[PDB]
Protein chains: 6
Amino acid sequence: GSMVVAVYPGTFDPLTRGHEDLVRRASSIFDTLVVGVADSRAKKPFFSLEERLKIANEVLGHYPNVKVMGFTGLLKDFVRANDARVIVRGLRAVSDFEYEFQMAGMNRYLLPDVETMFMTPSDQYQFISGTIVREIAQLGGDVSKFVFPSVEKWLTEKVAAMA
Amino acid sequence: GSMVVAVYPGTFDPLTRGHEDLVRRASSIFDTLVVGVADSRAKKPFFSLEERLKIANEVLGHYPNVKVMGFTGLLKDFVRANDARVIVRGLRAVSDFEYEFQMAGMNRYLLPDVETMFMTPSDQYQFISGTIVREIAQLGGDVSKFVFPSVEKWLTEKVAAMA
Amino acid sequence: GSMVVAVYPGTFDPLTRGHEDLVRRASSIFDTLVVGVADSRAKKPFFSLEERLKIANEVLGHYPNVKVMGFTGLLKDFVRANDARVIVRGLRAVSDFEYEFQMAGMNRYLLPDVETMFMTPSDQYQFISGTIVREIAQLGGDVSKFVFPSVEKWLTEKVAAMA
Amino acid sequence: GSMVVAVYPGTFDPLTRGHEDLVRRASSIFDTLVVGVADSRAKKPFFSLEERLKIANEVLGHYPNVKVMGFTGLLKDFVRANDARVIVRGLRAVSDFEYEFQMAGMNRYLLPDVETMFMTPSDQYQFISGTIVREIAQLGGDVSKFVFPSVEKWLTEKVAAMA
Amino acid sequence: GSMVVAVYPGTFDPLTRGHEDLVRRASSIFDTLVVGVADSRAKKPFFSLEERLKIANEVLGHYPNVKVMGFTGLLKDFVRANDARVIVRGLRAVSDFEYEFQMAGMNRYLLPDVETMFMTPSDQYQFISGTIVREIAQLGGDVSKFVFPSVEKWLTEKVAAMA
Amino acid sequence: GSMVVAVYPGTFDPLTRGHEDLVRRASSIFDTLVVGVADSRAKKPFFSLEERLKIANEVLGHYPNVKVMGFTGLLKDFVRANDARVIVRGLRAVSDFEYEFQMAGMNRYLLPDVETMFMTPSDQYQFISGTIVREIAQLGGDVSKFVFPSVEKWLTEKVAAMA
Ligand SMILES: CC(C)(COP(=O)(O)OP(=O)(O)O)[C@@H](O)C(=O)NCCC(=O)NCCS
Ligand SMILES: CC(C)(COP(=O)(O)OP(=O)(O)O)[C@@H](O)C(=O)NCCC(=O)NCCS
Ligand SMILES: CC(C)(COP(=O)(O)OP(=O)(O)O)[C@@H](O)C(=O)NCCC(=O)NCCS
Ligand SMILES: CC(C)(COP(=O)(O)OP(=O)(O)O)[C@@H](O)C(=O)NCCC(=O)NCCS
Ligand SMILES: CC(C)(COP(=O)(O)OP(=O)(O)O)[C@@H](O)C(=O)NCCC(=O)NCCS
Ligand SMILES: CC(C)(COP(=O)(O)OP(=O)(O)O)[C@@H](O)C(=O)NCCC(=O)NCCS
Ligand SMILES: Nc1ncnc2[nH]cnc12
Ligand SMILES: Nc1ncnc2[nH]cnc12
Ligand SMILES: Nc1ncnc2[nH]cnc12
Ligand SMILES: Nc1ncnc2[nH]cnc12
Ligand SMILES: Nc1ncnc2[nH]cnc12
Ligand SMILES: Nc1ncnc2[nH]cnc12
C-alpha cells in the first residue's frame, strides 16, 4: 500500500489513560505513530520534558510502531522532520474545540499538505482532564482511575519532592 | 507499509464543494477511499440514490483511488464489505457535533475495531450547508459557489422537472 | 452621517417577544429597519404569510422607522431590493449557532458587501423558542409570557379553527 | 426529612439504556420518580403512547419508587398533578443543549417554583441516540447494545408489522 | 420521606448574585445544602479562604438549612464528610461546559454513588462572570448589579488595601 | 441619516489579520469606528500599551473614519467618552462564546442603551488565535499568514530584545 507516518503531539503532563487509548487506536491505523512531547515552557508544566519523556516511554514502549520523541521548537518543523503526513489529535465531547480548530486551521497555513485528523478515545476516558489529574495528585488524592500505575508513581514522587 | 481502506459515508444530496474537498484530502491519506452514498429513505432526499451516485461519479471519477458506491442497509455492513478500517467524516466549526459524536459512539459499539476519524475541509467550504444549497436552488438561485458546475446542472434540471 | 438600512429576516411564525425586542434594539441603531417575513413554504409554517404579516404589523406598526414586508424569493434579492447594507440576526446563548453561521457564511458569498450583524435580546427573552410556543398553544396552553396579547389572539383563533 | 417528587418527562420512543440509567440514578435521590411519557403527536412517534407505556413499564416496573404514566397535555399540568417540585432531564456531553435550556427557561416561566435539574448517565450511554436506534432497527440491525432485550422485542415486532 | 444533603462547591471569589440564586433554589429542594468553599490555592484567589467564608456567611446566613464551610482538600472527602448524596453545580447557557462535565465525570469515578446535578439560576444572573466582576472592581467600577451590597463592601476594601 | 459611532475594543496583542478585517468591515457600516486598545495589565500582554497602539496605527491609519485610542479604565467609560452607541466584537465559529456573551450581558447592565453587535471576519481569518501567533513568534516561527508585515517586524524585534 503506502507508508504513512502520523504525529500525535501534546504536552503530556503527564500521559493519561485517555492519551494512551488514543495512541493504541492511532497506531493501529498508521504505519508509524510518533508521539511528540512538546517542551511547552510557557505552559509551566509540572514535569520537566525529560520526565515527561520517561513517563510516556514507560507506558508506550511496548507498542512496536510507536516512537516517543521530545521537541523544543515548532510542531511544523517536527512534523516535517518525521516525514509525517498526518497530525492526530484526540477529540472528545468535552474537548476545547476552539483551541483544537484554531490549531488545525493555523497548522493548515503552516503545513498545507499535512492533514489534522481527529480521533476519539473510549467512552470511559472521554472526561479525563490532565489539569484536574494534577490538582488531585497535588492534594494527595489517588489518580489511578485516570493514569497508569507507573504514572501514579511519578506523580507521587514529584508531589513529595516539591513539598 | 500497509493497505488501509477508508469509507466516507453520507447522503450527498447533492455532493457539495465541501464534500469534494474532503474526498481530495482523505484520498491523499488512504490507499483507497470508498464514498458510500446511503439511500437515506427516511430523510426524503431531493435526488434519488441513482441520481446521487451519478452526480458524485461525475465530480469524483477522475480520482484514481476513489470508489463511489451506493448502499441501502447498515453502514456497519458496508464498512465490513469494503474491508475498511476507518470511517472518515468531515468536521467543521459549524458541524452538528451532537450528531457526529453520537454516530461515532454508536458505530464504536457496532464496529469496535473501526476508527471514526474526523477531517476538516478548507476554510472556504466550512460554512456550506446542503440543506441551504437545496433551498436556494429550489427558489431559482445560483449555487455555483457551493457546488461544481455539473451538480448545478442536476439541480436546475430537477427543479424544473418538479415544477 | 449616513443612511443605513438593515434587514431583519425570519419566518416569524409567530413574532415573539424575543423578536420584538430585537426589532426595538436594531431600529434604535439603523436609520430604517426592514422586517422581512419569508414565505418559508418548506418549513410548513403554522400561519400563512398573509397572517404572519398581519401579526407582525400589529405588534411593530408603532415603530416609525420599521417596515414590515413579506418575500417569496431569495433573501439576497430582498436585501438588494431594500438597498440594505446589513442583515441583522438575533443571537442568543441558546441559538442554533451552526445554522446562523452557515447562513451568514453563505450569504457572504451571495452578498459580499453586506454584513451579517448579530444582536442579543434582553435576558428575559433569551430562552423563548417559537416551536415550543406553537406546541404550547396547540395543546391549549397560555403563551402570554412569550408573545404579545395580539399574537395570543391569533394563536387561539388559529388553534380553534384547525380543530 | 422531606417528601420530594420529581418528574422525568420524555417521548421515550423507545426507552433506551440511557433513559433507564437516568431513572436508576434519579430514583435513588428522590422519594418518588414519575416517568412521564408524553403523547408527542406532532413528533410522529414510531410507537403509540400505549406501546411506549408498556415498553417503559416492562423495563422500569421493578423500581419500587418509580411510577410510569402517560400524558396528552402540558408538562406544566402533569407536574402540578403529581405534586412535583423537580423536573429531571438527562444532560449528556452530546445533548441538544439549545433545546434543553429553552425548555428549562420556558418551564421556569410556566412553573416558577419547580426546578429543572439535569443529571448525567454513565459514560457508556452518553452517545446513544433514540433516532439512530430507530433507524438501525428499521434497517434490520441489532440495537441490543442500546436498549434492553424487552425493548428489542418491541422494535422487531413493530418493524415486521409495518412491512 | 428521606434526608438528602447536597454540597454546592466552589471557589466563590467572591459569592455573586448568580451563586446566591443557586443557593436559594437548591436549598428549597434539599434538606440541607452545604456550601463548600474550596481553598483553591493554585487559582490564586483574590480573597483569602477566611475572607471568602465571611463574605458567603454574610449573604447566606439567613437561610436556615444552609451551612457554609471551607475545605482545603479533595471535594470527594468533603462530600463524604457531610454525608452528601448530591453535588449541585450551576449550569448556565454560558457555562464552561468542558470544565463542568469533566469534573462531573471524574467525580463519578471518585464517588460513584454521588450524583452531580446541575441547576440553572434566574435569567438575569445567567451572564455574570466572577472574573469580570473582580476585573471591574479592581479598575474601580461598581459591581452592585452582580454582587450583594455586603460583597461590594469587601471588594472595595480589598482593592483599596492592595493599592 | 444619523451619526453612529461604534467602539471595537480589545487587547490587540498584537493586531492580527482577523482584527484588521473586522475593522475594514465595521468601518464600512459605522460613521466612525473607534478601535479601543485596553491596557489589560492583568492579562500580562507581550507588547506594552504604547507598542500596541503604534502597531495598530501602522496597520489602520489609512482608514479615514477609524480612530485608534488606548484606555486604562473601564470600557463603559471609554464608550461613553466616545459617544458610542455600539460595541462591535468579532465572533467566529471558534470564538470563546462563554466569554463574549458574558461580556455582552454584563455590559448590558453597565450600558443599557449601548448595543453589542457581533460581526464575522472573512473565512480565511476565522481560525487565527493571537495566543498561538505569539507562541509561534517566540519560538522563531513566521506569522506572516496571520499578521501584516509591519506587525511581523514588531514581533521579531520584541522577541530578539527579550532574549
Ligand atoms: C503542544 C501542542 C501540540 C498542544 O498540545 P496540548 O493541547 O498541550 O496537548 P495535551 O497534552 O493537553 O493533550 C501545541 O501547543 C504545539 O504544537 N506546540 C509546539 C509549538 C507550536 O508549533 N505551536 C504552534 C501550534 S499551531
Ligand atoms: C448516511 C449517514 C452516514 C449520515 O450521513 P449524512 O450526515 O446524511 O451525510 P451528509 O451528506 O450530510 O454529509 C448515516 O445516516 C448512515 O450511516 N446511514 C446508514 C444507516 C446506518 O447504518 N445508520 C446507523 C448510523 S450510526
Ligand atoms: C427565513 C430565513 C431568514 C431563516 O429565518 P428563521 O431562522 O426561520 O427565522 P426565525 O423566525 O426562526 O427567527 C432564511 O431561511 C431565508 O433567508 N430564507 C429565504 C430564502 C433564502 O434566501 N435562503 C438562503 C439563506 S442563506
Ligand atoms: C416530551 C418533552 C418533555 C420533550 O421530551 P423529549 O426531548 O422528546 O424526550 P426524549 O424521549 O428524547 O428523552 C416535551 O416536548 C414536553 O414537555 N412535551 C409536553 C407538552 C409541553 O408541555 N410542551 C412545553 C414544553 S416547555
Ligand atoms: C472548587 C471546585 C469545586 C471548582 O469550583 P469553581 O469552578 O472554582 O467554582 P466557582 O466559584 O467558579 O462557581 C473544584 O476545583 C474542586 O472541587 N476543588 C477541590 C479539589 C478537588 O477535589 N479537585 C478535584 C475536582 S474533580
Ligand atoms: C479588553 C476587553 C474588551 C477584552 O478584549 P479581548 O478579548 O482581550 O480582545 P482581543 O484582543 O482578544 O480581540 C475587555 O477585557 C475590556 O473591556 N477590558 C476593559 C475593562 C472592562 O471594562 N472590563 C469589563 C468588561 S465587561
Ligand atoms: N481524556 C483524553 N482522551 C484523549 N485525548 C485527550 N486529550 C486530553 N485529554 C484527553
Ligand atoms: N461543507 C462541508 N464540508 C465538509 N463536510 C461537510 N459535510 C456537510 N457539509 C460539509
Ligand atoms: N427569543 C428570541 N430572541 C431573539 N431572536 C430570536 N430568534 C428566535 N428566538 C429568538
Ligand atoms: N443516552 C441518553 N442518556 C440519557 N438521557 C438521554 N436522553 C436522550 N438520550 C439519552
Ligand atoms: N452567574 C452564575 N450563576 C450561577 N452559577 C454560576 N457559576 C458561575 N457564575 C454563575
Ligand atoms: N481571527 C479573528 N478574527 C476576528 N476577531 C478576532 N478576535 C480574535 N481573533 C479574531
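Cβ placement follows ideal geometry from the backbone for every residue including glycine, while neighbour counts extend to all protein chains displayed. Read-outs: derived from the displayed coordinates by stated rules, not from any lab.
Between copies, C:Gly73 shows label-point distances of 4.9, 4.9, 5.3, 5.8, 7.4 nm, shortest first, with the point placed 7 angstrom from Cα along Cα to C-beta. Listed by chain and number, the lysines whose alpha-carbon sits under 16 Å from that of C:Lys54, ignoring those within fewer than 8 places in the same chain, are C:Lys67, C:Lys153, C:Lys158. The charge dipole of chain B, taken about the Cα centre with unit charges on the Cβ atoms of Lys, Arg (+1) and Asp, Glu (-1), comes to about 100 debye, rounded to the nearest 20.
At an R0 of 35 angstrom, the distance between the Cβ atoms of F:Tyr99 and E:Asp31 translates into a FRET efficiency of 0.40. Taking a Cβ cut-off of under 10 Å around B:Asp13, the surrounding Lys, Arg, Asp and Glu residues balance to a net charge of +3, with basic ones at +1 and acidic ones at -1. Partners of A:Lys44 within straight-line reach, counting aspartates and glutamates whose Cα lies under 17 Å from its Cα and excluding those fewer than 8 residues away in the same chain: A:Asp13, A:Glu135, F:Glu135. Chain D has one residue whose beta-carbon comes closest to the axis relating it to chain F; that residue and its distance in whole Å are D:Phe97, 6. Over the protein assembly as shown, what is the percentage of antiparallel beta bridges among all DSSP beta bridges, to the nearest 5? Just about 5 percent of them are antiparallel. Evaluated at q = 0.09, 0.10, 0.15 Å⁻¹, a Debye calculation over the C-alpha positions of chain C (equal weights, vacuum) places log10 I(q)/I(0) at -0.29, -0.35, -0.81.
In nanometres and ascending order, the distances from the A:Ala163 label point to those of the other copies are 4.1, 4.1, 6.4, 6.9, 7.8 (point 7 Å from Cα along Cα→Cβ). Using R0 = 22 Å, the C-beta based FRET efficiency linking F:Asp83 and F:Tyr63 works out to 0.70. A label point on B:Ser150, set 7 Å along the Cα-to-Cβ line, lies at 4.8, 5.2, 5.4, 5.4, 7.3 nm from each of its counterparts in the other copies, closest listed first.
Computed about the Cα centre, the dipole magnitude for the protein assembly as shown is approximately 0 debye when only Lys and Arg (+1) and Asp and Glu (-1) carry charge, each at its Cβ. Centre-to-centre separation between the Cα atoms of segment A:1-35 and those of segment B:133-163: 43 Å. Label separation (D:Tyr109 vs E:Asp113): 4.3 nm, computed from points 7 Å beyond Cα along the C-beta direction.
Calculated mean residue ellipticity, 222 nm, the protein assembly as shown: -12500 deg cm²/dmol, from DSSP H runs (n ≥ 4) at -39500 (n - 2.57) each, averaged per residue and rounded to 500. Using all pairs of distinct alpha-carbon atoms, the Kirkwood hydrodynamic radius of the protein assembly as shown works out to 30.2 angstrom.
Across every pair of non-identical alpha carbons in segment B:37-95, the mean reciprocal distance, once inverted, gives a Kirkwood radius of 13.2 Å.
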